[PDB]
Each structure stands twice: as structure tokens, then as C-alpha cells.
Amino acid sequence: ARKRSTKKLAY
Amino acid sequence: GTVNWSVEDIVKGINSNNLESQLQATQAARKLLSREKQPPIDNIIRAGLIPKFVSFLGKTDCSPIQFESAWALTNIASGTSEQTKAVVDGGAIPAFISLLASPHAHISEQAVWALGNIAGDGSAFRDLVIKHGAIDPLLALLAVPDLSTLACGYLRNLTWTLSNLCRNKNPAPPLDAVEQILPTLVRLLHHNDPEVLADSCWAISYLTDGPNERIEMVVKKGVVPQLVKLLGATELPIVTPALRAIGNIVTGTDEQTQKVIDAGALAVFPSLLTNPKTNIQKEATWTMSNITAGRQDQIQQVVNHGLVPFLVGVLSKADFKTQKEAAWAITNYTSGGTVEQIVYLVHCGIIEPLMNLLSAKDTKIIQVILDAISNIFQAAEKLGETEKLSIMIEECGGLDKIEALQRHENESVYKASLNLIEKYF
């Protein structure tokens with residue numbers, strides 16, 4: 001019972 | 001005019017001491033770098049043009065060359081980490097920050113875009129953009145009474161750049177920067193544009209991906225109800241980040257999970273746990289597994305919303321990763337649940353799919369299933385109904401799987417199967 005845990009080009 | 005230039009001609013134009021020739025050559029470079037098929041970024045860098053573009057960023061009396069150079073540098077910074085680094089090494093960060101306050105909206109938007117790329121490279125350049133003082137001018141651009149007055153593309157770009165400022169870990173963004181950004185992020189989370197909403201949810205999901213103190217920073221702003229509302233949206237690009245943020249939040253303390261529950265989140269999970277997009281099902285089942293690891297009253301709220309049958313369904317048929325998340329959810333349920341809750345789980349038909357999953361090759365899911373079965377057997381022991389549970393497991397064909405796992409390579413599976421067979425079979 002334990003909890004478990006970009007870029008852009010301008011065209 | 002400025003279409004299909006060679007880097008040689010661009011260099012000759014930029015090297016001339018004629019500002020108009022420089023402007024035309026910079027526009028030609030922008031057009032080269034804005035082409036969809038392999039833009040020649042490395043050639044432009046090797047030509048030594050980044051310092052010239054950075055210098056042009058400061059030509060206040062020639063706004064067109066400011067815009068063209070900002071566009072070219074944006075597209076250079078959109079590439080690999082080495083190319084973004086080449087942009088940063090030219091001194092572009094302070095120049096773009098100075099352009100944020102330009103009276104020309106398209107130049108300011110281009111600077112926002114470029115800073116977004118630079119910060120999106122990673123935590124180092126993110127924190128460096130923050131250190132140069134970008135947050136204040138960025139947020140000042142959104143200091144309007146009604147966001148609807150702003151241009152749609154401008155607002156979307158600002159939101160995306162802020163999301164990149166909230167992005168990445170090891171280290172996470174500075175606490176003071178997060179506190180400075182959060183109010184504008186809440187305001188944007190209440191905006192009506194789908195892309196702005198999606199990027200705001202992504203920012204929130206970044207900010208909630210960390211220790212409970214970061215999650216607490218987020219939840220004290222009162223965003224959980226809006227996140228639940230967006231969780232029930234029709235646009236998948238909105239539901240995905242909203243669901244990620246809700247899952248991150250429920251990875252925290254029991255009180256934060258309870259804030260998620262009180263906002264009505266569970267009512268959405270009948271659809272999420274049956275969503276046709278496998279990613280949504282996986283994320284929702286992981287979120288459920290983290291909710292079932294909470295208090296017994298929270299498990300009871302899961303029961304009251306009729307979600308146990310949906311977990312049985314996901315366990316019976318789904319992508320294997322989703323089925324493994326469901327196995328984890330069942331094991332947490334059985335670990336923290338009351339005897340009544342566990343017998344209810346059994347009455348919903350969990351044993352047969354839980355046993356059919358023992359045929360998998362993954363060892364971790366097998367161990368999780370064996371732990372869940374051990375917990376169920378413990379509840380039955382407290383009820384004196386272990387023989388009925390054993391008969392049920394035998395009719396499903398699970399005893400065969402367990403006695404076969406007695407010959408498993410892993411030590412934990414070996415020992416758990418042997419313990420089960422020695423104590424109940």
C-alpha cells in the first residue's frame with residue numbers, strides 16, 4: 001500500500 | 001528575391017556594411033531555416049552567422065532585421081542541444097529578454113518562442129533563462145484584464161514557453177520561480193482555448209511531478225477542481241495532461257489524494273478506465289492504483305463509485321502495461337483494505353483474471369499477484385473461509401499456475417508460491 005511515482009520550429 | 005539563397009550569398013550579404021543588404025540576407029537565412037526538409041542549421045552555424053544575428057537583435061531602429069534574426073535564431077535553437085547551445089553561447093538570452101518588451105507584437109512573440117526553445121533544451125538552460133530575468137517580462141505580457149483580448153497565437157506561444165519554464169527535473173525549477181509563475185498558470189488554466197488549456201495542464205503536470213512539497217505548492221492554489229473538470233473534457237490533448245497531473249497529485253499524501261476525490265474525480269473513471277486510447281487507460285489505472293494505496297475510507301469511496309468492476313474489467317482485458325497497473329491497484333487494495341472490502345473485491349470476480357495473469361513472463365507482476373492472493377487468503381483466514389477461496393482458485397486453474405511457479409527462476413516467486421501451497425493447499 002505504497003504510492004508508486006520540447007522544441008518547435010517556426011515554419 | 002530572398003528565396004533559395006546559398007549560405008555563401010547569405011554570408012556575403014550579412015558581411016556587407018549595408019543594413020538593407022544585411023536585412024535581405026538575414027531574411028534569406030530565415031527562409032532557408034524555415035524550410036521543412038532538413039534546414040541547413042549546421043551550415044549556418046559553421047558560417048559564423050549566430051553572432052551577427054544576435055547583434056541584429058539589438059537594431060532598434062530596424063525592426064524588420066530584429067524580427068528576421070529572431071526568427072532565424074528561433075529555428076536554430078529548435079534543433080539539437082548543440083545548436084541551442086550555439087545560440088546561447090552567442091549571447092542570445094539577454095537580447096531576446098530585451099526584445100520581450102518590444103512595441104512590435106510579432107517581435108515580442110518571436111522572442112517568447114526563442115526563449116521557449118532555449119528553456120525546453122533542459123534544466124540548465126531553463127534555469128539560465130530564469131537567471132537572466134525572463135519571468136517578469138514574460139508574465140507582464142499576460143497582465144491584461146481579459147486574456148481574450150490577446151491574439152490567439154501570441155497567447156498559445158506564451159503559455160507554451162511558460163510550460164517549458166515549468167518543465168524538467170534534476171533539478172526541478174527554482175521554488176521562487178514556480179511561486180512567481182503559478183498564479184498566471186491558474187488564470188490560463190481557466191482560459192477557453194484548447195491549446196492554452198492543454199499546455200497549462202502540461203505545466204501543472206510538470207510542477208506536480210516531484211516531492212509532496214511541490215504537489216502542495218500546486219494544490220494550495222485551488223486548481224484540483226478545474227483539473228477534474230478538464231479531466232472530463234472531450235479533447236484528448238486536454239485529458240492526457242489533466243490525467244497526468246491528477247495522477248501525480250495522488251502520488252502524494254492522503255490529504256492531497258482526498259482533495260482529488262472531493263473534487264469528483266472518481267466519477268470520471270468509468271470512462272477513463274474504458275477509454276479507447278490505451279495511454280488514457282494505462283494512466284487512469286495507474287492513478288487508481290495510487291488511490292487504492294490510500295486510507296480505508298478512500299478505498300471505500302472507490303467502492304462506492306462502482307470502480308471495482310472496472311478494475312476487474314481492465315484486469316480481464318487490456319494492454320499488458322494497463323493490466324500490470326491494474327495488478328498493482330489490486331495488490332494495494334488488498335494490502336490496505338478491510339476484510340469486508342476484500343470479500344467485496346472477490347465477489348466482483350477478481351480471482352479468475354488475477355489468476356489468468358499469472359501466465360505472464362514478467363516476474364514483478366507475478367510477485368504482485370502472489371502478494372494480492374496472500375492478502376486475500378489472510379482475509380479469508382480471518383473469516384474461516386480459506387477452503388472456499390482455495391476451491392475457487394482451483395476451479396479457475398490457478399493452483400496449476402502456482403505449483404508451476406514453484407519451479408520459477410526468481411527466489412521471491414518460488415518462495416511465495418511454496419508458502420501459498422503449504423499454507424492453503
# chains A, B, ... in the order shown; residues from 1 in each chain; ligands from 1

$ residues_around --residues "range 60-67 of chain B" --least-positions-apart "4" --cutoff "10 Å" --atoms "only C-alpha atoms" --output "number ranges by chain"
B: 19-20, 22-27, 30, 53-56, 71-73, 96, 99, 102-104, 106-111

$ residues_around --residues "residue 6 in chain A" --least-positions-apart "4" --cutoff "10 Å" --atoms "only C-alpha atoms" --output "number ranges by chain"
B: 78, 116-122, 160-161, 163-164, 167

$ closest_atom_pairs --of "chain B" --to "chain A" --cutoff "8 Å" --atoms "only C-alpha atoms" --output "JSON lines"
{"residue": "B:34", "atom": "CA", "partner": "A:11", "partner_atom": "CA", "distance": 4.7}
{"residue": "B:35", "atom": "CA", "partner": "A:11", "partner_atom": "CA", "distance": 6.5}
{"residue": "B:36", "atom": "CA", "partner": "A:11", "partner_atom": "CA", "distance": 7.0}
{"residue": "B:71", "atom": "CA", "partner": "A:10", "partner_atom": "CA", "distance": 7.4}
{"residue": "B:74", "atom": "CA", "partner": "A:9", "partner_atom": "CA", "distance": 7.1}
{"residue": "B:75", "atom": "CA", "partner": "A:9", "partner_atom": "CA", "distance": 5.1}
{"residue": "B:78", "atom": "CA", "partner": "A:7", "partner_atom": "CA", "distance": 5.1}
{"residue": "B:79", "atom": "CA", "partner": "A:7", "partner_atom": "CA", "distance": 7.4}
{"residue": "B:116", "atom": "CA", "partner": "A:7", "partner_atom": "CA", "distance": 7.4}
{"residue": "B:117", "atom": "CA", "partner": "A:7", "partner_atom": "CA", "distance": 4.9}
{"residue": "B:120", "atom": "CA", "partner": "A:6", "partner_atom": "CA", "distance": 5.3}
{"residue": "B:121", "atom": "CA", "partner": "A:6", "partner_atom": "CA", "distance": 7.1}
{"residue": "B:164", "atom": "CA", "partner": "A:6", "partner_atom": "CA", "distance": 7.5}
{"residue": "B:248", "atom": "CA", "partner": "A:5", "partner_atom": "CA", "distance": 7.2}
{"residue": "B:251", "atom": "CA", "partner": "A:3", "partner_atom": "CA", "distance": 5.6}
{"residue": "B:252", "atom": "CA", "partner": "A:3", "partner_atom": "CA", "distance": 7.5}
{"residue": "B:290", "atom": "CA", "partner": "A:3", "partner_atom": "CA", "distance": 5.4}
{"residue": "B:292", "atom": "CA", "partner": "A:1", "partner_atom": "CA", "distance": 7.6}
{"residue": "B:293", "atom": "CA", "partner": "A:1", "partner_atom": "CA", "distance": 4.3}
{"residue": "B:294", "atom": "CA", "partner": "A:1", "partner_atom": "CA", "distance": 7.0}
{"residue": "B:331", "atom": "CA", "partner": "A:1", "partner_atom": "CA", "distance": 7.5}
{"residue": "B:332", "atom": "CA", "partner": "A:1", "partner_atom": "CA", "distance": 4.4}
{"residue": "B:333", "atom": "CA", "partner": "A:1", "partner_atom": "CA", "distance": 7.3}
{"residue": "B:335", "atom": "CA", "partner": "A:1", "partner_atom": "CA", "distance": 5.6}
{"residue": "B:336", "atom": "CA", "partner": "A:1", "partner_atom": "CA", "distance": 5.8}

$ write_last_selection --atoms "N, CA, C and O atoms" --output "short mmCIF file (atom, residue, chain, number, x, y, z; two decimals), in the first residue's frame"
data_model
loop_
_atom_site.label_atom_id
_atom_site.label_comp_id
_atom_site.auth_asym_id
_atom_site.auth_seq_id
_atom_site.Cartn_x
_atom_site.Cartn_y
_atom_site.Cartn_z
N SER B 34 13.56 28.01 -42.28
CA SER B 34 12.14 27.73 -42.11
C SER B 34 11.62 26.69 -43.09
O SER B 34 10.41 26.50 -43.19
N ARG B 35 12.51 26.01 -43.82
CA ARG B 35 12.10 25.00 -44.78
C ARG B 35 11.96 23.66 -44.08
O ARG B 35 12.79 23.29 -43.24
N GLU B 36 10.91 22.92 -44.43
CA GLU B 36 10.57 21.71 -43.69
C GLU B 36 11.58 20.60 -43.89
O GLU B 36 11.81 19.80 -42.98
N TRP B 71 13.69 35.21 -35.77
CA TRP B 71 13.11 34.02 -36.39
C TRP B 71 14.18 32.99 -36.73
O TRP B 71 14.05 31.79 -36.42
N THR B 74 15.44 31.50 -33.53
CA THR B 74 14.44 30.58 -33.02
C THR B 74 14.56 29.22 -33.69
O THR B 74 14.56 28.18 -33.03
N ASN B 75 14.68 29.22 -35.02
CA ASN B 75 14.72 27.95 -35.73
C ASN B 75 16.04 27.23 -35.50
O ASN B 75 16.08 25.99 -35.52
N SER B 78 15.73 25.53 -32.13
CA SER B 78 14.76 24.45 -32.13
C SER B 78 15.39 23.09 -32.41
O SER B 78 14.68 22.08 -32.36
N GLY B 79 16.68 23.04 -32.72
CA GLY B 79 17.31 21.80 -33.12
C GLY B 79 17.93 21.03 -31.98
O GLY B 79 17.37 20.96 -30.88
N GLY B 116 11.42 30.01 -25.37
CA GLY B 116 10.79 28.72 -25.12
C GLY B 116 11.64 27.56 -25.59
O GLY B 116 11.82 26.58 -24.88
N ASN B 117 12.19 27.67 -26.80
CA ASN B 117 13.10 26.63 -27.29
C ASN B 117 14.30 26.48 -26.36
O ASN B 117 14.65 25.37 -25.92
N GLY B 120 13.38 24.87 -23.21
CA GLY B 120 12.99 23.50 -23.44
C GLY B 120 14.15 22.57 -23.67
O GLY B 120 13.98 21.34 -23.60
N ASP B 121 15.34 23.11 -23.95
CA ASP B 121 16.51 22.24 -24.05
C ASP B 121 16.69 21.37 -22.80
O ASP B 121 16.94 20.17 -22.89
N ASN B 164 7.42 25.31 -20.62
CA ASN B 164 8.82 24.88 -20.67
C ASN B 164 9.61 25.41 -19.48
O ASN B 164 10.54 24.75 -19.01
N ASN B 248 -0.17 12.44 -10.74
CA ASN B 248 0.94 12.98 -9.97
C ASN B 248 0.46 13.45 -8.60
O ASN B 248 1.11 13.18 -7.58
N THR B 251 -0.13 10.74 -6.21
CA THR B 251 1.07 10.11 -5.67
C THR B 251 1.54 10.74 -4.36
O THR B 251 2.52 10.26 -3.78
N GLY B 252 0.88 11.79 -3.88
CA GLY B 252 1.33 12.50 -2.69
C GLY B 252 0.75 11.96 -1.40
O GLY B 252 0.63 10.74 -1.23
N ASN B 290 -2.75 4.20 -7.32
CA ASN B 290 -2.26 5.09 -6.27
C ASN B 290 -3.37 5.56 -5.34
O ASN B 290 -3.09 5.91 -4.19
N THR B 292 -5.93 3.51 -4.47
CA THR B 292 -6.22 2.34 -3.64
C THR B 292 -5.13 2.09 -2.61
O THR B 292 -5.34 1.28 -1.70
N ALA B 293 -3.98 2.74 -2.73
CA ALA B 293 -2.93 2.66 -1.73
C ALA B 293 -3.15 3.63 -0.57
O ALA B 293 -2.28 3.73 0.30
N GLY B 294 -4.28 4.32 -0.55
CA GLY B 294 -4.58 5.30 0.48
C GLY B 294 -5.33 4.70 1.65
O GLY B 294 -5.23 3.51 1.95
N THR B 331 -3.31 -5.17 -5.66
CA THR B 331 -2.45 -5.50 -4.53
C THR B 331 -2.50 -4.42 -3.46
O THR B 331 -2.56 -4.72 -2.27
N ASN B 332 -2.50 -3.15 -3.87
CA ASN B 332 -2.63 -2.06 -2.90
C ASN B 332 -3.98 -2.13 -2.19
O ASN B 332 -4.07 -2.00 -0.96
N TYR B 333 -5.06 -2.33 -2.96
CA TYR B 333 -6.39 -2.51 -2.39
C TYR B 333 -6.37 -3.58 -1.30
O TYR B 333 -6.82 -3.34 -0.17
N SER B 335 -3.86 -4.83 0.31
CA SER B 335 -2.94 -4.53 1.39
C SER B 335 -3.55 -3.57 2.40
O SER B 335 -3.36 -3.73 3.61
N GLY B 336 -4.30 -2.58 1.93
CA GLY B 336 -4.84 -1.57 2.82
C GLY B 336 -6.31 -1.73 3.17
O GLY B 336 -6.81 -1.05 4.07
#

$ residues_around --residues "residue 101 in chain B" --least-positions-apart "6" --cutoff "9 Å" --atoms "only C-alpha atoms" --output "number ranges by chain"
B: 108, 137-138, 140-141

$ residues_around --residues "residue 255 in chain B" --least-positions-apart "3" --cutoff "10 Å" --atoms "only C-alpha atoms" --output "ChimeraX atom specification"
/B:216,250,252,258-261,294-295

$ write_last_selection --atoms "N, CA, C and O atoms" --output "PDB file, in the first residue's frame"
ATOM      1  N   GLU B 216       2.106  20.180  -3.055  1.00  0.00           N
ATOM      2  CA  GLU B 216       1.376  21.054  -2.143  1.00  0.00           C
ATOM      3  C   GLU B 216       1.350  22.484  -2.663  1.00  0.00           C
ATOM      4  O   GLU B 216       0.311  23.155  -2.604  1.00  0.00           O
ATOM      5  N   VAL B 250      -2.147  12.479  -6.832  1.00  0.00           N
ATOM      6  CA  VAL B 250      -2.497  11.370  -5.949  1.00  0.00           C
ATOM      7  C   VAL B 250      -1.296  10.506  -5.593  1.00  0.00           C
ATOM      8  O   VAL B 250      -1.424   9.605  -4.756  1.00  0.00           O
ATOM      9  N   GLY B 252       0.879  11.795  -3.881  1.00  0.00           N
ATOM     10  CA  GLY B 252       1.328  12.496  -2.693  1.00  0.00           C
ATOM     11  C   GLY B 252       0.750  11.957  -1.400  1.00  0.00           C
ATOM     12  O   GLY B 252       0.628  10.740  -1.226  1.00  0.00           O
ATOM     13  N   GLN B 258      -7.185  13.030  -1.118  1.00  0.00           N
ATOM     14  CA  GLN B 258      -8.557  13.312  -0.719  1.00  0.00           C
ATOM     15  C   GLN B 258      -9.079  14.578  -1.380  1.00  0.00           C
ATOM     16  O   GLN B 258     -10.272  14.670  -1.673  1.00  0.00           O
ATOM     17  N   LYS B 259      -8.217  15.571  -1.597  1.00  0.00           N
ATOM     18  CA  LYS B 259      -8.647  16.745  -2.349  1.00  0.00           C
ATOM     19  C   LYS B 259      -9.018  16.360  -3.775  1.00  0.00           C
ATOM     20  O   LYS B 259      -9.976  16.896  -4.346  1.00  0.00           O
ATOM     21  N   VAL B 260      -8.271  15.427  -4.366  1.00  0.00           N
ATOM     22  CA  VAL B 260      -8.649  14.924  -5.687  1.00  0.00           C
ATOM     23  C   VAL B 260     -10.017  14.249  -5.630  1.00  0.00           C
ATOM     24  O   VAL B 260     -10.871  14.461  -6.501  1.00  0.00           O
ATOM     25  N   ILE B 261     -10.246  13.427  -4.605  1.00  0.00           N
ATOM     26  CA  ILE B 261     -11.505  12.688  -4.510  1.00  0.00           C
ATOM     27  C   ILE B 261     -12.678  13.639  -4.286  1.00  0.00           C
ATOM     28  O   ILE B 261     -13.743  13.487  -4.899  1.00  0.00           O
ATOM     29  N   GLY B 294      -4.279   4.321  -0.547  1.00  0.00           N
ATOM     30  CA  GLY B 294      -4.581   5.297   0.480  1.00  0.00           C
ATOM     31  C   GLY B 294      -5.331   4.702   1.650  1.00  0.00           C
ATOM     32  O   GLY B 294      -5.229   3.507   1.945  1.00  0.00           O
ATOM     33  N   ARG B 295      -6.105   5.551   2.323  1.00  0.00           N
ATOM     34  CA  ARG B 295      -6.815   5.143   3.522  1.00  0.00           C
ATOM     35  C   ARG B 295      -7.960   4.193   3.173  1.00  0.00           C
ATOM     36  O   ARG B 295      -8.373   4.062   2.017  1.00  0.00           O
TER      37      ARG B 295
END
